[PDB]
Amino acid sequence: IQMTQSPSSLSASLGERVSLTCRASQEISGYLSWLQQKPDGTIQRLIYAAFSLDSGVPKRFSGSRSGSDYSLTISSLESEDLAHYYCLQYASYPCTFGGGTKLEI
Amino acid sequence: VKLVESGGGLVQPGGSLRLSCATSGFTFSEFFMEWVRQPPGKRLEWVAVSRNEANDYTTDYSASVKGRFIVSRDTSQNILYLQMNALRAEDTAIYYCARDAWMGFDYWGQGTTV
Amino acid sequence: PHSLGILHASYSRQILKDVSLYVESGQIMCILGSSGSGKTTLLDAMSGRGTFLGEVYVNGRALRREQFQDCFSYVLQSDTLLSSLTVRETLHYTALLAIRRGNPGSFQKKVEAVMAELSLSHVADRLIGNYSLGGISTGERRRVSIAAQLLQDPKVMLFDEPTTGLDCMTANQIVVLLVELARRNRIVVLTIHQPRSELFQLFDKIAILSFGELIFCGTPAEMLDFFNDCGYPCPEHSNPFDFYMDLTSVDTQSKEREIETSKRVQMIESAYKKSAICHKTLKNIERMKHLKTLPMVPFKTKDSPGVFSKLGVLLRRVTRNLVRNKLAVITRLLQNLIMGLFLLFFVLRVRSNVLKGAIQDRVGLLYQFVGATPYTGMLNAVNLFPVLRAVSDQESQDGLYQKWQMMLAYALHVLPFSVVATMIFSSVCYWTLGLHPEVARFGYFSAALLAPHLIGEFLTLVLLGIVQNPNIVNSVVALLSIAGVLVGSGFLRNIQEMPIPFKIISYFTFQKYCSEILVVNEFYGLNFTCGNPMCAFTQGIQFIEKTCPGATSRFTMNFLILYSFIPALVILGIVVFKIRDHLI
Amino acid sequence: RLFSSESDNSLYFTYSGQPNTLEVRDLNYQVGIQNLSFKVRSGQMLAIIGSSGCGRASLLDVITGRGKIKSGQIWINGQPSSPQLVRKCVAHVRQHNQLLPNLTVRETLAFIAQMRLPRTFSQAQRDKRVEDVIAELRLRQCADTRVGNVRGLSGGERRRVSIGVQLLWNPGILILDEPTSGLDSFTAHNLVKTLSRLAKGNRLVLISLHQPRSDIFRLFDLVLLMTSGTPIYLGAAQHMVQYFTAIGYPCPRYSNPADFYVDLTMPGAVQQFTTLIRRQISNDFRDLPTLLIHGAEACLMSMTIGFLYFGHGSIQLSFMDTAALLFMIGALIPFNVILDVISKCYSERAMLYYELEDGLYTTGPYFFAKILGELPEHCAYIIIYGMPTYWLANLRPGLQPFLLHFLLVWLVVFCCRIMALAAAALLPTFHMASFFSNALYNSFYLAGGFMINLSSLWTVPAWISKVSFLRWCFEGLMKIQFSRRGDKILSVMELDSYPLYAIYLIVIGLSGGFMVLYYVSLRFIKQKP
Ligand SMILES: CC(C)CCC[C@@H](C)[C@H]1CC[C@H]2[C@@H]3CC=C4C[C@@H](O)CC[C@]4(C)[C@H]3CC[C@]12C
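Protein chains in written order, with the authors' numbering: chain D, 22 to 126; chain C, 21 to 134; chain A, 35 to 46, 66 to 102, 107 to 588, 597 to 649; chain B, 26 to 56, 87 to 122, 126 to 207, 210 to 325, 392 to 611, 626 to 669.
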């Protein structure tokens, strides 16, 4: 299963809303998660199962599914949003990651 | 739940290396333990997995490194060990040590550059 | 020696793709394949049953798509036979339908010959019945079918899974019998779903079909040789049949394994096409075609007999099948009697001396009879026809007879039984109820209750001939009879006041004429007393004029109109049955 | 290397507890099975090959307790076998899958977990159990796909869903009857590998298979060869040949050994009721063709009754015409109602029997669940059949008579539905049940007060009409239509000795009696297919 992530690069500032898209070649039935890599090297999962959020994460991130496209929408952009973002599927073996997204402001 | 990695360096092709992953805050025998590297040209690729006590501590690796990479675990100190043989061909990455793969990759570590 | 050769055959979205085979007499060829192999389509193509390419050489002569029926025999998998018949009687009926020479001597000779050839002489005079009630075994039924097919003395036979649905005992025995028939100077091409390991060395040739493509065809020894030359040796104790089936099958559970299996199958097919076996088969075909020293195509035994002869044979067959089954006759003769007894248990008399319930009970009796006779006819038709319909549409593809002839014979054999049943029900229920005791009125009532029974029976027969599911036909006929007895009859609607569309619909139903006849026959010469609310009908003539004013002058005509609904529909059924041979 | 091997060898849902055992010592079965004796422990996979089964029951059925009286002794976990012990420790997966088509995998698994897990478990625990069951059988790519027989899933996917349903309560002993029946070779190989992976944990899995041709025999752990009820070999399959050659029966080259040796010879009642009614509603409201056919036939019959007795126009409807119209309105619905109810009941008989025998519920919540599930669509049918005909026939105008007619028709059709339910629960086959139902319907039809005056009945037909809902419906409609307009026409007849509320109470009592009969039939009669 190949995961196509969009966009590869994006430019935004304070206050606006961003929406990243992940597309799967097959059906995963909503078994998708989102990973965030900080510039220092710290990786942390923000959303699991594409609809539920983890403990200790701000309430500005959310996830939705339209057809076969999983959309991660972040509202009220702040300084904590300059990082890399990836989508991950775990419904089939082996697990494959996304292309990546350079969220720079 | 804390995962810290150590043991990275620079090694010429043809040698061997062993990285360590220290875990804290959870039961080491009741959860999986995965090694997932991230080379610079690469995006993200999982390389090694070790199952819990229910699977007789069985290990598995991807076809890209099947036969050269060996993962092991020490339950007395809850330490993951990753032994790589014949490195530096295309095995330059920032290898990360994670907990769960089938239930979503959560509680990542810091990664060590090899 | 005879020969069969299929050259560059194709069928179309496409089921066959350049299939070519070569079989000789004295040998047996088996065909294997998966769900999407297309072996049944190939068998139907060689048997002659929507474009077909390639040519079929029999004894060197290139036969057209029309002469496939006169040379190739086909044994089906359904194996449907009549329960209340024996082996000898069924074989004699089949021979009479196929062979027409003269005295029954040759018929009996052929029957005992084909029975002793296939070990059917010890069960020759035993009823078929069912294998779950004590009748003959399933292997005996298959042997009876093979004997009925062999009665025409064929040379090339096809078998559509003769081992499925049976035990290993019966499967092995039938395989041995097919090898016997093939070694007895005949060509036999059979298909097997899951062959066993001991049947590997029994067949002379083995072919494999995959998505319409011929993967391999040859002797089992040459099969093992070619399979080990390719690089896939068969491991020991692995049932090479299943191994070579899975090696030439496609695994469609993912999109990568499917491509891998497709590439493997294509590589094996390409290696087989560039081998010496295919070239040898092609040169053998084109050499046997241009020999010009061998005899021509051996055809069947006898022509097709006349229409009247086949009709009489089918009538005698269905009569013997119905008489030997006591349950069906008892039901056909007692359904109306049980209905009449159930109605008498509720009514038990009509009070012809007071207006409290005279007209009410009489109208109720007439309505119940008119609504119950087509119900019983439809019940009988649904209970007795489907087996005969299965026999007919199974035996019509063999060129024996037609389906409309079977329907006509069914009608002819159900006419007298229904007549007797209606007469008995009337003679038992009419006099006790005290409904104008007379003889001419009794006969008129008997006829007016017999005609709608036959009408409904023929309607249900046509519907079962055009529709497959018996329950849908039952429900539709029940609803139609209810609508007819509700609208056409003027008991509850006062047709003189119903709307125009319903008035037009009422003219096409037999219930209107039946109710008019019954009212004219019942309320003609009877008197009534009420000793204001309903006493405006002291005489039956007033109630007649209220229900149907001018019916007393159209009595006889009405009868004719009733007798105009029985035969015409039958004719329509014939046409319907014609559509049958265009729908299967 | 011909079969798929790029699979995951991880175990996501294992068994926690002590290892289970199963002992059979000198068992004999009659009405065949002679001297059966073996011992299996948790962690091993036993496959019984050969000709197993005397009659309609298999060997697993007679060792588990179904089926014909045993003459041996069976030990389950050290204790002797018992129906409650088998229900508590043994799970069974037959060869015929019986699942609701209009449901998905996740919803069905959640319903089974809610009906199986105790009441003390939280919703998070049930969700985690469902997720573990899904990930264990690799059903993550079809968790949102319906199990409809409709495209739905495949055969192997449906088998995996059934295994997950039977494995939700974490059984210690699992038994399967022909799991690879009707499946492809690759699908059967994958299913056998999945069963072996399930047996790899701390469970005791038994399988009944007829012909392990090439690979099913090679993937076996322990095999039991049976011939006409007599055992021949008991041990590892990979050494079976090495055993027979040790006796003097070698297996020929290029021949399957198996065939060659065979031919030679908590949670509560309210929660269960809620889950049952929710599942029934979710399965019924997603069947578009059936609802459309019901609505179409209802509208057709109602509108043709309205147009046949069209009251508007030049001439008005007479007295006898109105009587016939009311009688037809009362007597036309029961046929289609009974047919639909009998079909819907016999389409669920095997599933109901399996759910009642496995111990999900005990005939308490299923009754009210079926009643409240059939109630809404039946009320819609009643609306469509009764309201768009009162105006076409130009009956008595007003709100109270119209509402009373609607309520009476609804109650009569509900009584007919309950009678059809009781007739379905009383007889095991469709034909005899339909015949008895139509007989009762025609008896109540002849007991009406429209054809035989309701007075020419001596003892028995009068008593039949006293319990005939059609007669009471006709009398109520006559009293609603003609009384206070008017009473003398009902007085010269015999339809004025019972008021309206009395007829309503009689209809309610008949409905209650039919409900009691249906409950007794469900509780005391087995719904065998
Ligand atoms: C095992 C399977 C085949 C069950 C069979 C159910 C069949 C026999 C039942 C279920 C659906 C029913 C049909 C569906 C509804 C209608 C439409 C109505 O205007 C004519 C009656 C008719 C056509 C019913 C006839 C009886 C029926 C055919």
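Beta carbons: idealized from backbone N, C-alpha and C, even for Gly.
Boundaries of the beta strand (DSSP E) harbouring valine 39 of chain D: 39 to 45, taken from the DSSP string.
Of all alpha-carbon atoms in B/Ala248, B/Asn262, B/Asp202 and B/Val301, the one lying nearest the alpha-carbon of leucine 279 of chain B is that of B/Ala248. For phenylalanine 257 of chain A, the C-beta contacts it makes with chain B under 9 Å involve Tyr314 and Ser315, in order along the chain. Each residue's CA atom was taken as its position, placing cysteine 83 of chain A and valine 168 of chain A some 29 Å apart.
A straight-line Cα-Cα distance of about 20 Å links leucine 153 of chain A and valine 380 of chain A. Taking a 10 Å sphere around the C-beta of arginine 66 of chain D, we find 16 or more other C-beta atoms and assign the residue as buried. Residue environment analysis places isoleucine 636 of chain A among the exposed positions, since fewer than 16 neighbouring C-beta atoms fall within 10 angstroms of its C-beta. Taking a contact as a CB-CB distance under 8 Å, the pair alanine 70 of chain D and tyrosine 52 of chain D counts as one, their CB atoms being some 7 Å apart. Only buried fits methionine 214 of chain A, as 16 or more other CB atoms lie within 10 angstroms of its CB. Taking the Cα of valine 245 of chain A as reference, the smallest distance to any Cα among A/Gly79, A/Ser88, A/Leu398 and A/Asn285 is reached at A/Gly79.
Under the DSSP assignment, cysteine 542 of chain B falls in the alpha helix (DSSP H) whose first and last residues are 526 to 552. Remark: C-beta atoms of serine 35 of chain B and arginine 263 of chain B do not approach each other more closely than 8 Å. Neighbours of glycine 124 of chain C across chain D, judged by C-beta separation under 8 Å: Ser54, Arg66, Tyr69, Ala70, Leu109 and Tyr111. From the beta-carbon of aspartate 447 of chain B, the residues of chain A found nearer than 9 Å are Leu549, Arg550, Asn551 and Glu554. For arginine 408 of chain A, the nearest CB of chain B lies under 8 Å from its own CB, placing it at the interface with that chain. Around the beta-carbon of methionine 324 of chain A, fewer than 16 other beta-carbon atoms lie within 10 Å, marking it exposed. In this structure, the C-beta of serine 532 of chain A approaches ligand 1 to less than 7 Å from one of its heavy atoms. If you keep only unbroken alpha helix (DSSP H) runs of at least 4 residues inside the region 518 to 572 of chain A, you get 527 to 544 and 557 to 563. Of the candidates C/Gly34, C/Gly28, C/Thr47 and C/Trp55, the residue whose Cα lies closest to the Cα of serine 96 of chain C is C/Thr47. Going by DSSP, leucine 486 of chain B is part of no alpha helix (DSSP H) at all; its letter is neither H nor E. Here the alpha carbons of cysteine 571 of chain A and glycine 547 of chain A stand approximately 11 Å from one another.
Pairing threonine 78 of chain C with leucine 100 of chain C, the inter-Cα distance amounts to about 13 Å. Residue burial annotation: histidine 647 of chain A is exposed, with fewer than 16 other C-beta atoms found within 10 angstroms of its C-beta. For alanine 74 of chain C, the nearest beta carbon of chain D is not closer than 8 Å to its own beta carbon.
Identification of residues in the region 252 to 265 of chain B having a C-beta nearer than 8 Å to some C-beta of chain C yields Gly261, given in sequence order.
Within the same chain, no residue comes within 8 Å of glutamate 293 of chain A by CB-CB distance, once the 5 residues on both sides are set aside.
Inter-residue distance for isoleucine 22 of chain D and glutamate 48 of chain D is about 9 Å (C-alpha atoms, whole angstroms).
Against chain B, the CB of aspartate 120 of chain C has no partner CB under 8 Å away; the residue lies outside that interface. Residue environment: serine 563 of chain A is assigned as buried (16 or more neighbouring CB atoms within 10 Å of its CB, all protein chains considered). Around the C-beta of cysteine 599 of chain B, 16 or more other C-beta atoms lie within 10 Å, and the residue is accordingly described as buried. Close partners of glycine 88 of chain D in chain C (Cβ separation under 9 Å) are lacking, with about 22 Å as the shortest Cβ gap. A distance below 7 Å between beta-carbons, with the five flanking residues on each side excluded, links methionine 173 of chain B to the following residues of its chain, in chain order: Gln398, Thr401 and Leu486. When C-alpha distances from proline 527 of chain A are compared across A/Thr108, A/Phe580 and A/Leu441, the shortest belongs to A/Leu441. Excluding its 5 nearest sequence neighbours in each direction, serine 194 of chain A has C-beta neighbours in its own chain below 6 Å: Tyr188, listed in chain order. About 6 Å separates the CB atoms of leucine 251 of chain B and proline 239 of chain B; that is less than 8 Å, so the two are in contact. Counting other Cβ atoms within 10 Å of its Cβ, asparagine 207 of chain B stays below 16 and is therefore classed as exposed.
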